[PDB]
Amino acid sequence: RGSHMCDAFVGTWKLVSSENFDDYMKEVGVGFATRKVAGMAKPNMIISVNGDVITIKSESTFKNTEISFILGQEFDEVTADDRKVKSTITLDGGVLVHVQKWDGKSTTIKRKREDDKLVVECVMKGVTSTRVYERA
Ligand SMILES: COc1ccc(S(=O)(=O)NCCCCC(=O)O)c2ccccc12
């Protein structure tokens with residue numbers, strides 16, 4: 001197999017900035033103690049691609065997570081904050097668009113390459129948080 005456009009996400013990334021994540025988590029419904037501890041985390045994210053399967057791992061002092069998925073194909077995800085959600089991730093104009101659905105609610109997480117950074121934009125009900133990762 002040769003290159004894929006998604007290979008631009010592949011690598012080891014470290015969180016360097018976070019804006020409005022507490023308010024985003026509030027909107028998602030995250031409880032106090034989880035918000036405080038999760039908010040402190042400075043995770044590393046490892047993204048790899050193997051055939052049609054994309055894997056996103058996150059390692060931090062808060063929680064270690066891993067999701068593997070095929071674009072456009074819904075999967076079960078247990079989030080860092082312990083929600084059990086139905087997730088679908090697609091590629092739209094170079095941007096990984098990740099929708100999580102649970103308990104009649106929905107949130108969208110966009111991951112995109114900007115310069116040498118990987119920018120993560122999380123949106124829930126008018127509230128947006130921006131998290132920026134750099135190469136590790
Ligand atoms: C470190 O704490 C978290 C990580 C990921 C998630 S998530 O379910 O994967 N949605 C956010 C995804 C992008 C954030 C990031 O990877 O830096 C959390 C969701 C709610 C509260 C805390 C979360």
Side-chain angles (χ1 to χ4, degrees), residues 2-136:
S3 307
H4 280 77
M5 180 271 289
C6 238
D7 293 338
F9 293 96
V10 169
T12 311
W13 301 92
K14 60 164 186 289
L15 182 71
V16 299
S17 69
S18 181
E19 287 277 349
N20 215 37
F21 198 57
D22 183 65
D23 286 328
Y24 170 79
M25 291 190 290
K26 285 179 187 181
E27 204 69 12
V28 166
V30 183
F32 178 89
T34 303
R35 284 206 317 281
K36 294 306 166 188
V37 175
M40 293 294 303
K42 292 285 195 294
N44 270 24
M45 180 172 44
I46 297 90
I47 302 178
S48 57
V49 182
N50 188 324
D52 285 335
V53 180
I54 304 177
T55 296
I56 299 184
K57 303 188 184 68
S58 182
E59 293 181 332
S60 82
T61 60
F62 172 58
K63 186 69 191 165
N64 294 323
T65 63
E66 167 181 328
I67 56 174
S68 293
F69 57 93
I70 293 175
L71 298 172
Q73 304 195 359
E74 185 176 59
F75 60 97
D76 294 310
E77 178 182 13
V78 180
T79 65
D81 61 307
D82 211 46
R83 284 172 293 131
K84 280 73 173 173
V85 313
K86 298 291 192 172
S87 286
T88 305
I89 299 179
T90 54
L91 253 181
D92 168 35
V95 177
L96 283 167
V97 183
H98 178 177
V99 181
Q100 293 175 341
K101 307 280 196 193
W102 76 106
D103 203 30
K105 300 165 183 179
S106 174
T107 187
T108 299
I109 302 155
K110 295 192 185 170
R111 293 172 179 99
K112 76 274 259 60
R113 282 284 317 269
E114 300 272 333
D115 297 325
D116 287 320
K117 300 165 183 177
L118 188 161
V119 177
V120 188
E121 174 189 5
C122 305
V123 179
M124 167 90 182
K125 277 189 157 190
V127 176
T128 302
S129 167
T130 302
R131 279 153 81 82
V132 178
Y133 285 79
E134 279 174 12
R135 296 221 177 248

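Just follow the structure's listing: the first ligand is 1, and inside any ligand the first atom is 1. The first residue in the sequence is number 1, and the count goes up from there. Atoms considered below: every heavy atom in the structure, side chains included; atoms not considered: hydrogens, waters and symmetry mates.
Using a 4.0 Å cut-off to heavy atoms of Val120, the atoms of ligand 1 that qualify are 13 (C). With ligand atoms numbered from 1 in the order given, ligand 1 contributes 8 (O) to contacts under 4.0 Å with heavy atoms of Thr79. Atoms of ligand 1 lying under 4.0 Å from any heavy atom of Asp81, numbered from 1 in the order shown and given with element: 19 (C), 20 (C), 21 (C).
If you take CG on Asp52 and NE2 on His4, they are separated by 6.5 Å, rounding to the nearest 0.5 Å. We find the CD1-CG distance between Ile54 and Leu71 to be 4.0 Å, quoted to the nearest 0.5 Å. A distance of 7.5 Å separates CD1 of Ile56 from NE2 of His98, quoted to the nearest 0.5 Å. From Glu59, atom CD reaches atom CE of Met45 across 12.0 Å, with rounding to the nearest 0.5 Å. Taking OG1 of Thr88 as the reference point, atom NZ of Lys101 lies at 8.5 Å (rounded to 0.5 Å).
Residue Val28 places every heavy atom at 4.0 Å or more from ligand 1. The shortest separation from a heavy atom of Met45 to ligand 1 is not under 4.0 Å, leaving the residue out of contact. Residue contacts with ligand 1: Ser58 is excluded, as none of its non-hydrogen atoms falls under 4.0 Å. Heavy-atom distances between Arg83 and ligand 1 reach below 4.0 Å in at least one pair.
Among protein heavy atoms, atom 14 (C) of ligand 1 sits closest to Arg131 NE, 3.5 Å. Among all non-hydrogen protein atoms, the one lying nearest atom 15 (C) of ligand 1 is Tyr133 OH, 3.3 Å. The single protein non-hydrogen atom nearest to atom 2 (O) of ligand 1 is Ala38 CB, 3.6 Å, given as residue, atom name and distance. Here the heavy atom of the protein found nearest to atom 21 (C) of ligand 1 is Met25 SD, 3.5 Å. With hydrogens left out, the protein atom closest to atom 23 (C) of ligand 1 is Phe21 CZ, 3.7 Å, a heavy atom. Looking at atom 7 (S) of ligand 1, its nearest protein heavy atom turns out to be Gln100 NE2, 4.1 Å. Looking only at protein heavy atoms, the nearest one to atom 4 (C) of ligand 1 is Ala80 CB, 3.6 Å.
For the side-chain hydrogen bond (donor to acceptor under 3.5 Å, both in side chains) with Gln100, the lone residue among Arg83, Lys105, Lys86 that qualifies is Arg83.
When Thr34, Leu15, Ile56, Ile109 are checked for heavy-atom proximity to atom 10 (N) of ligand 1, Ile109 turns out nearest.
Environment of NZ in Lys125: sparse, with no more than 12 heavy atoms of neighbouring residues, nucleotides or ligands closer than 6.0 Å. Around CD of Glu74, the count of heavy atoms belonging to other residues, nucleotides or ligands within 6.0 Å exceeds 12. With a 6.0 Å radius and a threshold of 12 heavy atoms from other residues, nucleotides or ligands, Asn64 has its CG atom above the threshold. Crowding of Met5 atom CE: a count of heavy atoms from other residues, nucleotides or ligands under 6.0 Å exceeding 12.
Neither the backbone nor the side chain of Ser18 has any atom closer than 4.0 Å to an atom of ligand 1 (non-hydrogen atoms only). Contacts with ligand 1 closer than 4.0 Å are made by no heavy atom of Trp13, backbone or side chain.
Between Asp82 and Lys84 there is a salt bridge, with a side-chain nitrogen of the basic residue lying less than 4.0 Å from a carboxylate oxygen of the acidic one.
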